[PDB]
Amino acid sequence: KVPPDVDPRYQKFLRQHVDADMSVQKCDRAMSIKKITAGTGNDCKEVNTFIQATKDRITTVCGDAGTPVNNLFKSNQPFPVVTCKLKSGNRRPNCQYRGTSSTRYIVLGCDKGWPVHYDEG
């Protein structure tokens with residue numbers, strides 16, 4: 001069970017940042033179907049990364065496999081990611097993205113062992 005004061009944030013993190021089958025060509029449809037906007041309302045979110053891994057493995061960053069960095073937690077090894085960056089458009093549905101796949105040490109906000117935030121950098 002995820003605690004209830006953590007569950008809303010954790011579910012939003014999964015939706016916005018966890019997708020093992022993501023790819024660079026899917027940025028537009030992923031941002032659209034997961035309804036990822038700039039906080040409340042309909043502006044096009046500028047940057048959003050999808051970590052290409054399972055939720056359980058990513059959650060280990062908040063557990064045994066992560067290290068503290070400031071108030072967040074950094075993976076002990078690179079993770080595969082696809083970053084979607086807004087190329088044009090101001091509000092849904094006109095958002096257009098360019099995707100880049102890369103590998104990097106990911107930094108997460110964690111709460112009671114669950115991931116609740118992704119640090120884009």
Side-chain angles (χ1 to χ4, degrees):
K1 214 247 281 134
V2 176
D5 49 316
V6 170
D7 193 58
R9 275 185 303 148
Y10 166 70
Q11 297 298 331
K12 180 167 173 171
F13 171 84
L14 297 183
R15 170 169 60 84
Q16 299 185 127
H17 300 295
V18 181
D19 186 344
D21 30 276
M22 184 57 181
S23 80
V24 302
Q25 25 279 326
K26 300 177 203 188
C27 286
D28 288 357
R29 88 178 78 144
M31 293 300 283
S32 171
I33 195 181
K34 295 163 192 286
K35 302 196 155 49
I36 300 170
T37 59
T40 267
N42 291 268
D43 310 317
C44 295
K45 183 170 174 184
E46 294 282 350
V47 174
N48 184 85
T49 301
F50 295 95
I51 301 163
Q52 294 171 299
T54 64
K55 55 181 186 189
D56 290 356
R57 197 162 72 94
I58 291 167
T59 295
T60 65
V61 180
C62 288
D64 195 64
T67 70
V69 292
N70 285 342
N71 303 308
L72 305 178
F73 292 89
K74 182 164 191 184
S75 56
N76 63 15
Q77 54 196 273
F79 268 64
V81 304
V82 160
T83 299
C84 294
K85 309 175 212 250
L86 184 69
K87 205 58 156 197
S88 62
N90 298 95
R91 312 192 64 99
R92 283 183 65 96
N94 314 314
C95 320
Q96 293 184 245
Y97 294 85
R98 167 67 63 27
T100 298
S101 89
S102 70
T103 69
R104 60 181 296 252
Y105 287 88
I106 55 171
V107 178
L108 307 182
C110 300
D111 194 345
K112 295 169 204 54
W114 303 93
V116 292
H117 168 77
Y118 180 80
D119 183 353
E120 296 288 349

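Numbers for residues simply follow the sequence, beginning at 1.
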Does [atom1] belonging to [X] count more than 12 external heavy atoms closer than 6.0 Å?
X: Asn90; atom1: CG; value: no
X: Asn94; atom1: CG; value: yes
X: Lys45; atom1: NZ; value: yes
X: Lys112; atom1: NZ; value: yes

Pairwise disulfide bond (SG atoms under 2.5 Å apart) hits with a residue in residues 11-41, at least two apart: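 As it turns out, the disulfide bond (SG atoms under 2.5 Å apart) pairs with a partner in residues 11-41, which skip direct neighbours, are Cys27-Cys84.
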
Check ion pair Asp119-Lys74 (N to O, under 4.0 angstrom): no

Give, for atom [atom1] of [X] and atom [atom2] of [Y], the distance between the pair rounded to the nearest 0.5 Å.
X: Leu108; Y: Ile58; atom1: CG; atom2: CD1; result: 7.5 Å
X: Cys62; Y: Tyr10; atom1: SG; atom2: OH; result: 10.0 Å
X: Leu14; Y: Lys34; atom1: CG; atom2: NZ; result: 10.0 Å
X: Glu46; Y: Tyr97; atom1: CD; atom2: OH; result: 7.5 Å
X: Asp21; Y: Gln52; atom1: CG; atom2: CD; result: 8.5 Å
X: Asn48; Y: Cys95; atom1: CG; atom2: SG; result: 11.5 Å

For [X], check salt bridge (charged side-chain N to carboxylate O under 4.0 Å, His left out) against everything at least two apart and list the hits.
X: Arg91; value: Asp43
X: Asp64; value: none
X: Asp28; value: none
X: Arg9; value: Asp111

Same cluster (ILVMFWY, side-chain, under 4.5 Å), [X] and [Y]:
X: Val47; Y: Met22; answer: no
X: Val116; Y: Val81; answer: yes
X: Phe79; Y: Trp114; answer: yes
X: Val24; Y: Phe50; answer: yes

Donor-acceptor under 3.5 Å (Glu120 side chain, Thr49 main chain):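 Yes: the side chain of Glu120 pairs with the backbone of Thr49.
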
Main-chain N/O of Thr83 paired with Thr100 side-chain donor or acceptor, under 3.5 Å: no

Student check: side-chain heavy atoms of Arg15 and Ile36 closer than 4.5 Å: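 When only atoms from C-beta onward are counted, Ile36 and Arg15 do touch, with a gap below 4.5 Å.
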
Within-4.5 Å side-chain heavy-atom neighbours: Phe13 and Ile51: yes

Minimum heavy-atom distance between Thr59 and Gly113, given as atom pair plus value: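 The answer is CG2-O, 3.4 Å.
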
Where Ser101 and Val82 come nearest, the two heavy atoms and their spacing: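 That closest heavy-atom pairing would be CB-CG2, 3.9 Å.
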
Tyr118: partners by ring-ring contact (aromatic ring centres under 6.0 Å, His included), with sequence neighbours left out: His17

